[PDB]
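Colleague: Here it is, the structure in full.
Here's what the structure looks like:
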């Protein structure tokens with residue numbers, strides 16, 4: 564019914580009503596970075612992701 | 020009460036290996052503590068010829 568990967572982590576499960584394979588892929592990963600080239604000159608920033 | 024042959028004792032190996040759980044594993048080694056048959060074990064050999 565279930566199954567792990569090479570990293571020894573449960574992240575796969577077989578559909579009992581479809582006989583298919585549906586992997587688990589979360590969408591919550593990364594960080595938020597801010598670019599501030601000195602506040603004494605300008606007052607503009609840049610949203611940087613990961 | 021009739022005649023009968025006495026049982027014997029043999030040796031078995033590379034047997035008694037099954038899936039300990041229902042978890043799919045591929046290209047990964049795993050070692051668990053479950054009941055299995057040890058290699059080169061003396062068992063009782065029965066007959067019925």
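Protein chains in written order, with the entry's author numbering: chain C, 564 to 613; chain A, 20 to 68.
Using N, Cα and C, we set each Cβ at its ideal position, and we do this for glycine too.
By Cβ distance below 7 Å, which residues in the same chain neighbour residue 598 (chain C) in space, the five residues on each side in sequence not counted?
Modeller: Closer than 7 Å at Cβ, skipping near neighbours: 608, 609, 611.
Colleague: Quick check: the stretch 571 to 583 of chain C against the stretch 55 to 66 of chain A, are there 3 or more CB pairs under 8 Å?
Modeller: Cβ pair count under 8 Å is below three, so no.
Colleague: Cβ closer than 9 Å: which chain A residues qualify as neighbours of residue 566 (chain C)?
Modeller: The answer, in chain order, is 41, 42, 43, 44, 45.
Colleague: Identify, in the order they occur along the chain, each residue of the same chain with its Cβ nearer than 6 Å to the Cβ of residue 566 (chain C), setting aside the five sequence neighbours on each side.
Modeller: Hits under 6 Å: 575.
Colleague: Curious, which full-length beta strand (DSSP E) runs of at least 3 residues does the stretch 25 to 62 of chain A contain?
Modeller: Entirely contained in the stretch 25 to 62 of chain A, the beta strand (DSSP E) runs reaching 3 residues are, in chain order, 27 to 31.
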